[PDB]
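Participant: The structure under discussion is supplied below as structure tokens; questions concerning it will follow.
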Amino acid sequence: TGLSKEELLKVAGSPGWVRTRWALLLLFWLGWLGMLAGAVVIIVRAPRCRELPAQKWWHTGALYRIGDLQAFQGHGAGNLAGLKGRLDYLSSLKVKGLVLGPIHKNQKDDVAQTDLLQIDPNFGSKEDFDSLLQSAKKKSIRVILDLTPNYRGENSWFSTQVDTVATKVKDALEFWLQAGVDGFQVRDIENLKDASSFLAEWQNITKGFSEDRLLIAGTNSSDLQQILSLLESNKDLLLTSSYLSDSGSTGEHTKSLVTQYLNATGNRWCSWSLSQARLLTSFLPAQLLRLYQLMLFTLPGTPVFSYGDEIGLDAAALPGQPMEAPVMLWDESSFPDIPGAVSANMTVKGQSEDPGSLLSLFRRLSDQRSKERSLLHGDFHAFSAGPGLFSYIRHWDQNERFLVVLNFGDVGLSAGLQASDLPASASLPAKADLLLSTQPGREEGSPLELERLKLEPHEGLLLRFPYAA
Amino acid sequence: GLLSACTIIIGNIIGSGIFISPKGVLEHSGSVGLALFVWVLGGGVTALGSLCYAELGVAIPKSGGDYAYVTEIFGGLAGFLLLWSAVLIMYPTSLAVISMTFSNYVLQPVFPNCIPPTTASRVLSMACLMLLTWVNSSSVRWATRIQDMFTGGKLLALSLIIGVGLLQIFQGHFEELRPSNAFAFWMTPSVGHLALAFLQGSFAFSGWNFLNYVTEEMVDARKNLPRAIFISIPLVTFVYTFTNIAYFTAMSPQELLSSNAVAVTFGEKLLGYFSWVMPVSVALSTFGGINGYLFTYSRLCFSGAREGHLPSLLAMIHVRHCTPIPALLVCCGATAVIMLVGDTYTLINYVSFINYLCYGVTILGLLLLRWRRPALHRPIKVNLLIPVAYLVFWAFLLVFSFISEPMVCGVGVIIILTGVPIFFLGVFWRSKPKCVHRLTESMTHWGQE
Ligand SMILES: C[C@@H]1CC[C@@]2(OC1)O[C@H]1[C@@H](O)[C@H]3[C@@H]4CC[C@H]5C[C@@H](O[C@@H]6O[C@H](CO)[C@H](O[C@@H]7O[C@H](CO)[C@@H](O)[C@H](O[C@@H]8OC[C@@H](O)[C@H](O)[C@H]8O)[C@H]7O[C@@H]7O[C@H](CO)[C@H](O)[C@H](O[C@@H]8O[C@H](CO)[C@@H](O)[C@H](O)[C@H]8O)[C@H]7O)[C@H](O)[C@H]6O)[C@H](O)C[C@]5(C)[C@H]4CC[C@]3(C)[C@H]1[C@@H]2C
Ligand SMILES: *[C@@H]1O[C@H](CO)[C@@H](O[C@@H]2O[C@H](CO)[C@@H](O[C@@H]3O[C@H](CO)[C@@H](O)[C@H](O)[C@@H]3O)[C@H](O)[C@H]2NC(C)=O)[C@H](O)[C@H]1NC(C)=O
Ligand SMILES: *[C@@H]1O[C@H](CO)[C@@H](O[C@@H]2O[C@H](CO)[C@@H](O)[C@H](O)[C@H]2NC(C)=O)[C@H](O)[C@H]1NC(C)=O
Ligand SMILES: *[C@@H]1O[C@H](CO)[C@@H](O[C@@H]2O[C@H](CO)[C@@H](O)[C@H](O)[C@H]2NC(C)=O)[C@H](O)[C@H]1NC(C)=O
Ligand SMILES: *[C@@H]1O[C@H](CO)[C@@H](O)[C@H](O)[C@H]1NC(C)=O
């Protein structure tokens with residue numbers, strides 16, 4: 001019962017104490033003003049992060065290359081109309097592109113007989129094509145159609161006089177743009193005359209039409225000087241070449257080649273594919289794809305993969321198999337000629353269940369390519385390591401950061417630590433939790449010291465760490 | 001008479017919980033699916049609780065806020081414990097959450113896809129809370145209409161959201177709605193995480209503990225059972241789930257939880273200048289929310305000051321404006337501690353667990369009273385099934401949800417139990433006329449004028 005008298009409180013209240021009350025109020029409002037001023041200062045002196053680069057659709061996600069639809073589907077079901085049934089599987093791969101095969105009319109090196117304005121009835125028809133783009137744009141899968149004067153003969157680009165083979169494709173560009181398809185694939189660049197100016201004109205036409213379209217150019221040259229000469233003016237052009245198809249098989253040489261190509265280009269966008277249109281399996285040893293998938297799926301650019309690569313399908317292993325058009329396999333009934341040769345460790349359903357399979361790895365890094373920003377449009381710097389080891393760090397200005405290590409030799413490898421080659425913003429820590437590995441021997445989410453990397457031969461680690469300010 | 005009653009209850013129900021909660025409920029809900037289910041289920045359980053509370057309100061009429069019933073039934077021990085838990089960890093930490101989300105939503109304009117520094121957000125939240133404490137104090141004559149203007153800004157913002165979403169769905173906007181595009185599980189469907197997600201919707205549905213004041217202290221409810229619940233619940237859960245639908249139609253699933261803000265990005269992804277008219281309106285709404293919480297907790301302080309407990313030297317008149325000056329300092333200290341140390345969503349889970357434990361204790365006490373009471377008059381119709389359904393549901397919730405993290409629940413129940421020693425040391429041993437007890441009256445002037 002400490003209820004004081006109101007009259008007692010009033011007679012205790014003095015003008016001096018009123019002055020102290022006014023002083024307390026003034027210093028309280030001064031403290032509020034000081035808090036506001038401190039907030040203003042710390043929000044106006046803050047480091048302003050950069051903005052998104054507003055990349056196009058093809059800059060995000062990988063690409064899928066399909067050579068022959070008959071080989072992709074099989075005998076009897078190889079018609080073009082059956083493509084819509086596989087889009088559910090193709091969207092499960094988290095790939096945001098698709099490349100058709102040559103579906104025009106061309107028998108054998110016949111300029112008068114061939115004509116690029118019509119689709120042969122062997123594959124499908126215009127209504128089936130329109131349904132194909134309708135289902136594709138119903139999904140989030142863009143469609144890219146290629147043009148080539150000869151997809152049968154070994155004179156790939158019509159060695160006769162040039163303007164007659166130029167005008168038809170030239171009108172076919174706007175014909176297929178008004179059809180609805182976006183982008184084109186051009187192969188066998190080396191079989192051309194004035195190819196730089198021709199490609200410049202084609203890119204100019206496509207860019208004058210729209211901006212989301214592209215133009216894929218393919219050559220089998222493997223020379224940096226030849227590549228730079230081909231990209232002498234068309235800097236925005238996306239090109240896949242045979243640059244990485246060298247034997248190599250050591251990390252120092254791979255570092256040298258990748259860094260030389262990147263330095264010669266500058267910092268512009270490019271495409272990372274090992275081959276022109278072939279598979280990774282038939283041009284590489286069979287013990288390296290588990291790390292080559294991570295290498296191709298992380299370098300800055302759009303990785304381009306041939307069809308039937310997510311399972312490591314081979315053409316040389318199976319007898320009676322033409323190397324140009326391998327047959328895609330989905331179950332044990334996909335190869336009725338030689339029963340029993342196929343098994344459950346390479347088919348799609350078999351590899352999908354196993355988390356230590358090639359398809360599982362493809363799905364795991366494909367789920368990381370589309371949804372993450374740092375490896376999407378970040379930077380790329382490497383460490384001056386020792387022996388044949390691959391090392392680089394991918395980062396954005398503020399977002400969480402990635403580090404990838406790889407081994408190419410046949411012996412065990414050490415940590416290969418190197419630092420002080422990066423700005424203070426791009427500083428790496430000593431703790432990082434593992435996210436993925438080629439062969440499952442480590443526990444994901446477990447941090448480790450970065451000086452005790454006992455790397456097994458033919459292995460690669462995907463490291464991860466939150467951003468540190 | 002139902003119009004003004006509906007006005008005050010929906011003014012108390014809707015807060016700023018429709019902003020922080022959606023991305024948490026999606027992160028813990030596994031996928032786009034079952035989030036609407038959670039937001040509806042929360043409205044259902046809140047409806048059952050509101051029906052039980054309305055039955056208790058139309059029952060025996062003892063005034064004194066919310067702790068009066070639990071003091072009178074089941075002894076005053078549970079009443080003192082509930083009052084202590086209120087004044088410690090349901091009002092101050094909720095005020096902290098409101099002010100901190102005000103700061104977070106204000107700072108996000110200048111950093112669209114960028115993390116702001118924590119010091120700026122904490123300082124802005126402290127400044128906002130001090131401003132609102134001063135606003136609630138001093139000039140009481142216009143504070144009511146100031147809070148009314150804030151709630152008007154709230155209705156304007158929500159109506160604009162309703163408009164853009166509703167006009168948007170017509171443009172074949174079945175994206176991120178249909179199961180073909182609403183059943184992608186980036187995270188495996190877990191039921192413990194489902195309960196953790198349900199906690200955020202529970203926090204969003206806060207304020208239904210506040211309808212008990214004015215429903216009885218108004219025109220008498222002559223067996224007016226249905227109106228006070230069936231004019232509130234279905235409309236608000238429908239508008240909440242439709243606001244979630246509107247949020248989902250203009251955004252991919254990933255962008256909603258891949259940020260610390262649910263709105264503002266909404267304004268930025270479309271329109272363009274309503275993107276600038278919107279965050280200021282959201283700031284107005286959260287301003288009104290903290291003002292209303294301050295008013296209600298000042299009413300708590302007066303009600304507890306009547307009972308003599310929660311030491312009586314608190315919430316007097318100062319000179320002329322009859323403003324509870326000593327209440328607001330004790331208010332601001334417990335939130336300044338949280339501004340010093342704290343985060344957002346762990347505190348959201350803390351608040352949800354604590355207030356649901358409070359209503360569970362109250363409902364269990366009411367059920368034991370109904371078991372123990374064959375007498376007096378109950379003007380409402382008997383129900384006898386929905387309370388026991390709520391009882392088993394809430395028991396299932398607490399028992400199943402204790403697995404989540406012992407760090408929050410353990411400290412919460414520890415300071416729940418910490419009310420017991422001070423309670424018995426005070427009731428049994430304050431009769432001693434100690435020098436501290438004798439001179440406690442002397443600081444009524446040494447603390448304030
Ligand atoms: C009126 C009064 C005011 C004051 C008060 O009463 C009323 O208010 C009450 C109320 O407000 C309470 C708070 C409520 C909310 C609580 C949340 C709780 O978080 C839990 O913290 C656990 C600690 O391990 C786990 O969190 C992660 O657990 C993982 C596994 O162990 C760690 O791996 C990870 O740490 C990570 O390590 C690697 C780094 O790269 C990462 O950045 C970092 O995250 C932890 O995450 C966080 O890790 C931090 C560093 O290790 C802290 O441990 C932090 O919790 C800290 O806990 C302290 C303990 O008091 C607290 O003081 C401090 O501020 C908190 O930052 C914790 O989250 C768990 O999953 C998480 O849910 C926290 O632990 C205590 C907490 C905050 C409480 C502290 C006490 C209070 C204030 C009470 C206090 C009496
Ligand atoms: C890329 O593919 C080609 C074709 O398979 C590979 O062989 C090269 O083919 C070209 C065809 O023009 C050869 O050019 C030749 O030039 C002589 C010059 O007199 C001419 O008489 C011939 O008729 C022919 O046009 C070329 O010699 C041949 N070999 C090489 C090494 O280029 C080629 O190897 C593949 N790789 C590269 C990097 O080009
Ligand atoms: C990358 O290519 C450029 C051009 O060929 C070169 O870079 C410059 O090389 C000169 C020496 O010839 C140096 O003095 C400059 O500092 C280099 N500039 C940059 C930006 O690198 C060089 O061939 C390649 N760069 C490196 C580092 O090897
Ligand atoms: C994938 O499965 C096939 C199934 O036939 C494996 O083939 C085995 O090859 C060895 C080699 O001599 C034979 O001894 C076995 O009889 C074959 N069958 C089985 C069931 O083991 C093939 O080795 C498997 N691939 C890998 C990489 O292990
Ligand atoms: C294409 O070439 C024409 C030549 O007249 C030029 O005006 C135009 O700017 C070029 N397009 C682009 C995208 O540069």
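As shown in the structure tokens, the chain order sets the letters A, B, ...; within each chain, residues go from 1, and ligands are also counted from 1 in the order they appear.
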Would you list which chain A residues are within 9 Å of chain B using only C-alpha atoms, as a short mmCIF file (atom, residue, chain, number, x, y, z; two decimals) with N, CA, C and O atoms, in the first residue's frame?
Facilitator:
data_model
loop_
_atom_site.label_atom_id
_atom_site.label_comp_id
_atom_site.auth_asym_id
_atom_site.auth_seq_id
_atom_site.Cartn_x
_atom_site.Cartn_y
_atom_site.Cartn_z
N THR A 1 0.83 -1.20 0.00
CA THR A 1 0.00 0.00 0.00
C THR A 1 0.86 1.26 0.00
O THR A 1 0.89 2.00 0.98
N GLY A 2 1.57 1.48 -1.11
CA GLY A 2 2.43 2.64 -1.24
C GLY A 2 1.79 3.78 -2.00
O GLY A 2 2.49 4.61 -2.59
N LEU A 3 0.46 3.83 -1.99
CA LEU A 3 -0.28 4.85 -2.72
C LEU A 3 -0.06 6.21 -2.06
O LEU A 3 -0.62 6.48 -0.99
N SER A 4 0.75 7.05 -2.69
CA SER A 4 1.01 8.38 -2.16
C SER A 4 -0.18 9.29 -2.38
O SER A 4 -0.99 9.10 -3.29
N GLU A 6 -2.21 12.45 -3.61
CA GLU A 6 -2.11 13.32 -4.77
C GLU A 6 -1.67 14.72 -4.38
O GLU A 6 -0.83 15.34 -5.05
N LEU A 9 2.05 14.59 -3.56
CA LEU A 9 2.86 14.58 -4.78
C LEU A 9 2.87 15.95 -5.45
O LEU A 9 3.91 16.39 -5.96
N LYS A 10 1.73 16.64 -5.45
CA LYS A 10 1.66 17.97 -6.05
C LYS A 10 2.53 18.97 -5.28
O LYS A 10 3.22 19.80 -5.89
N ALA A 12 5.11 18.15 -3.48
CA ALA A 12 6.49 17.74 -3.67
C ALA A 12 7.03 18.17 -5.02
O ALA A 12 8.23 18.45 -5.15
N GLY A 13 6.17 18.23 -6.04
CA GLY A 13 6.57 18.68 -7.35
C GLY A 13 6.99 20.14 -7.37
O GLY A 13 6.16 21.04 -7.18
N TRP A 17 12.42 20.43 -10.06
CA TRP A 17 12.23 19.07 -10.56
C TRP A 17 11.53 19.06 -11.91
O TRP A 17 11.78 18.17 -12.73
N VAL A 18 10.68 20.05 -12.18
CA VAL A 18 10.12 20.21 -13.52
C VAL A 18 11.23 20.51 -14.52
O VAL A 18 11.22 20.00 -15.66
N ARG A 21 12.94 17.32 -15.22
CA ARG A 21 12.10 16.53 -16.11
C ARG A 21 12.24 17.00 -17.56
O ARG A 21 12.34 16.17 -18.48
N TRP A 32 17.36 9.85 -29.18
CA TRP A 32 16.62 9.39 -30.35
C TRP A 32 17.19 9.99 -31.64
O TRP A 32 17.35 9.28 -32.64
N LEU A 33 17.51 11.28 -31.61
CA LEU A 33 18.11 11.94 -32.76
C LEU A 33 19.48 11.35 -33.08
O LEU A 33 19.84 11.18 -34.25
N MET A 35 20.43 8.26 -32.44
CA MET A 35 20.17 6.96 -33.06
C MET A 35 19.81 7.12 -34.53
O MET A 35 20.30 6.37 -35.38
N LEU A 36 18.97 8.10 -34.84
CA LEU A 36 18.61 8.35 -36.24
C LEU A 36 19.83 8.76 -37.06
O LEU A 36 20.01 8.30 -38.19
N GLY A 38 23.02 8.05 -36.42
CA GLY A 38 23.89 6.89 -36.59
C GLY A 38 23.37 5.94 -37.65
O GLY A 38 24.14 5.40 -38.44
N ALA A 39 22.05 5.72 -37.67
CA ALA A 39 21.46 4.88 -38.71
C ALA A 39 21.67 5.49 -40.09
O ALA A 39 22.00 4.77 -41.04
N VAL A 40 21.50 6.81 -40.21
CA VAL A 40 21.69 7.48 -41.49
C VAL A 40 23.14 7.36 -41.95
O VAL A 40 23.41 7.07 -43.12
N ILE A 42 25.42 5.05 -41.05
CA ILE A 42 25.78 3.67 -41.37
C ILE A 42 25.02 3.14 -42.58
O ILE A 42 25.44 2.13 -43.16
N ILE A 43 23.93 3.78 -42.98
CA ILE A 43 23.25 3.37 -44.20
C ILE A 43 23.73 4.15 -45.42
O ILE A 43 23.53 3.70 -46.56
N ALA A 46 27.40 2.53 -46.29
CA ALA A 46 27.39 1.09 -46.51
C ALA A 46 27.97 0.75 -47.88
O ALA A 46 27.82 1.51 -48.84
N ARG A 48 27.84 -0.53 -51.31
CA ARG A 48 26.73 -0.78 -52.22
C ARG A 48 27.07 -1.97 -53.11
O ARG A 48 28.00 -1.89 -53.93
N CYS A 49 26.34 -3.06 -52.95
CA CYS A 49 26.52 -4.24 -53.77
C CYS A 49 26.06 -3.98 -55.20
O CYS A 49 25.23 -3.10 -55.47
N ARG A 50 26.61 -4.76 -56.13
CA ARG A 50 26.29 -4.59 -57.54
C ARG A 50 24.90 -5.15 -57.85
O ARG A 50 24.17 -5.61 -56.97
N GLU A 51 24.53 -5.11 -59.12
CA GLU A 51 23.22 -5.52 -59.59
C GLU A 51 23.32 -6.80 -60.42
O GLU A 51 24.40 -7.22 -60.83
N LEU A 52 22.16 -7.41 -60.65
CA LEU A 52 22.09 -8.58 -61.51
C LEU A 52 22.39 -8.18 -62.96
O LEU A 52 22.02 -7.09 -63.40
N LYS A 371 19.40 -23.01 -59.97
CA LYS A 371 18.85 -22.30 -58.83
C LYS A 371 19.87 -21.46 -58.06
O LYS A 371 19.47 -20.71 -57.16
N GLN A 398 28.63 -10.75 -53.18
CA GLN A 398 28.13 -10.92 -51.82
C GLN A 398 27.60 -12.32 -51.51
O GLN A 398 27.65 -12.73 -50.35
N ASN A 399 27.13 -13.07 -52.50
CA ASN A 399 26.45 -14.33 -52.23
C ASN A 399 27.44 -15.41 -51.79
O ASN A 399 28.66 -15.21 -51.80
#
Participant: Give me the residues near segment 83-88 of chain A as a PyMOL selection string, where near means some atom within 12 Å (using only C-alpha atoms) and where sequence neighbours in that chain fewer than 4 positions away do not count.
Facilitator: (chain A and resi 66+68-70+72-74+77-79+92-98+100+123-124+128-143+330) or (chain B and resi 180)
Participant: Counting only C-alpha atoms and all ligand atoms, name the residues that have an atom within 6 Å of an atom of ligand 2; the answer should be given as a VMD selection string.
Facilitator: chain A and resid 220 to 222
Participant: I'd like to know which of B:92, B:75, B:279, B:387 is closest to ligand 1, using only C-alpha atoms and all ligand atoms.
Facilitator: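 Ranked by minimum distance to ligand 1, first place goes to B:92.
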Participant: Could you please extract the residues within 9 Å of ligand 3, counting only C-alpha atoms and all ligand atoms, and hand them back as JSON, numbers by chain?
Facilitator: {"A": [259, 260, 262, 263, 264, 265, 266]}
Participant: Might you pull out every residue within 12 Å of residue 332 of chain A, with only C-alpha atoms counted and same-chain residues fewer than 4 positions away left off, and present them as a PyMOL selection string?
Facilitator: chain A and resi 328+336-350
Participant: Please extract the residues of segment 13-168 of chain A with a backbone DSSP assignment of helix (DSSP H, G or I) and present them as a ChimeraX atom specification.
Facilitator: /A:15-44,69-73,80-92,126-138,162-168
Participant: Write the selection just made, keeping C-alpha atoms, as a short mmCIF file (atom, residue, chain, number, x, y, z; two decimals), in the first residue's frame?
Facilitator:
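Now in result-v4.cif:
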data_model
loop_
_atom_site.label_atom_id
_atom_site.label_comp_id
_atom_site.auth_asym_id
_atom_site.auth_seq_id
_atom_site.Cartn_x
_atom_site.Cartn_y
_atom_site.Cartn_z
CA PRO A 15 9.81 23.93 -10.55
CA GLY A 16 13.37 22.66 -10.12
CA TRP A 17 12.23 19.07 -10.56
CA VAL A 18 10.12 20.21 -13.52
CA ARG A 19 13.35 21.60 -14.98
CA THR A 20 15.07 18.24 -14.44
CA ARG A 21 12.10 16.53 -16.11
CA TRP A 22 12.46 18.85 -19.11
CA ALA A 23 16.20 18.10 -19.20
CA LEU A 24 15.53 14.35 -19.11
CA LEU A 25 13.03 14.74 -21.96
CA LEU A 26 15.51 16.81 -23.99
CA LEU A 27 18.33 14.29 -23.56
CA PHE A 28 15.90 11.46 -24.39
CA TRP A 29 14.97 13.17 -27.66
CA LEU A 30 18.67 13.90 -28.25
CA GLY A 31 19.39 10.18 -27.87
CA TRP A 32 16.62 9.39 -30.35
CA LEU A 33 18.11 11.94 -32.76
CA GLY A 34 21.55 10.41 -32.27
CA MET A 35 20.17 6.96 -33.06
CA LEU A 36 18.61 8.35 -36.24
CA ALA A 37 21.88 10.06 -37.20
CA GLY A 38 23.89 6.89 -36.59
CA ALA A 39 21.46 4.88 -38.71
CA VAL A 40 21.69 7.48 -41.49
CA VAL A 41 25.51 7.47 -41.38
CA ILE A 42 25.78 3.67 -41.37
CA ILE A 43 23.25 3.37 -44.20
CA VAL A 44 24.93 6.04 -46.35
CA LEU A 69 15.47 -38.65 -83.41
CA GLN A 70 15.25 -42.17 -84.85
CA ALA A 71 18.35 -43.16 -82.89
CA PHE A 72 17.07 -41.29 -79.83
CA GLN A 73 13.76 -43.18 -79.76
CA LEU A 80 8.97 -37.07 -84.54
CA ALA A 81 5.44 -37.17 -83.07
CA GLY A 82 6.67 -39.25 -80.13
CA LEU A 83 8.98 -36.51 -78.85
CA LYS A 84 6.31 -35.00 -76.58
CA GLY A 85 6.21 -38.14 -74.42
CA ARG A 86 9.84 -37.71 -73.35
CA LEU A 87 9.55 -34.07 -72.27
CA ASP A 88 8.61 -35.12 -68.73
CA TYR A 89 11.90 -37.00 -68.43
CA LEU A 90 13.81 -34.22 -70.20
CA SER A 91 12.50 -31.62 -67.74
CA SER A 92 13.60 -33.87 -64.87
CA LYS A 126 4.18 -29.12 -89.77
CA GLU A 127 1.25 -29.86 -87.43
CA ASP A 128 3.37 -32.25 -85.37
CA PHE A 129 6.13 -29.63 -85.24
CA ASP A 130 3.66 -26.97 -84.08
CA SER A 131 2.40 -29.34 -81.39
CA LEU A 132 6.03 -29.94 -80.39
CA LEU A 133 6.71 -26.24 -79.82
CA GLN A 134 3.31 -25.92 -78.12
CA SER A 135 4.24 -28.63 -75.61
CA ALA A 136 7.77 -27.23 -75.27
CA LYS A 137 6.59 -23.71 -74.46
CA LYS A 138 3.92 -25.25 -72.21
CA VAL A 162 28.09 -20.30 -102.97
CA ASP A 163 25.24 -17.81 -103.52
CA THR A 164 22.66 -20.46 -104.46
CA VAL A 165 23.37 -22.35 -101.22
CA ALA A 166 23.29 -19.02 -99.34
CA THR A 167 19.97 -17.50 -100.44
CA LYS A 168 17.87 -20.52 -99.45
#
Participant: In Å, how far is it from atom CA of residue 377 of chain A to atom CA of residue 303 of chain A?
Facilitator: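 Rounded to one decimal, the two atoms are 13.4 Å apart.
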Participant: I want to know what sits within 10 Å of residue 67 of chain B, based on only C-alpha atoms, with residues of the same chain fewer than 5 positions away left out; could you give that as a JSON list (two decimals) with C-alpha atoms, in the first residue's frame?
Facilitator:
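Everything below was put into around_21.json:
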[["chain", "number", "residue", "atom", "x", "y", "z"],
["B", 72, "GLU", "CA", -10.29, -17.36, -9.89],
["B", 76, "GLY", "CA", -4.24, -17.91, -8.16],
["B", 78, "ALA", "CA", -1.69, -20.43, -12.38],
["B", 79, "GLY", "CA", -2.97, -16.86, -12.65],
["B", 80, "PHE", "CA", 0.26, -15.35, -11.36],
["B", 81, "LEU", "CA", 2.29, -17.70, -13.57],
["B", 82, "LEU", "CA", 0.29, -16.74, -16.67],
["B", 83, "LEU", "CA", 0.57, -13.03, -15.84],
["B", 86, "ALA", "CA", 2.68, -12.65, -20.36],
["B", 300, "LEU", "CA", -2.81, -5.63, -18.81],
["B", 303, "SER", "CA", -5.57, -4.96, -14.55],
["B", 304, "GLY", "CA", -2.57, -6.48, -12.79],
["B", 362, "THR", "CA", -6.65, -21.91, -19.77]]
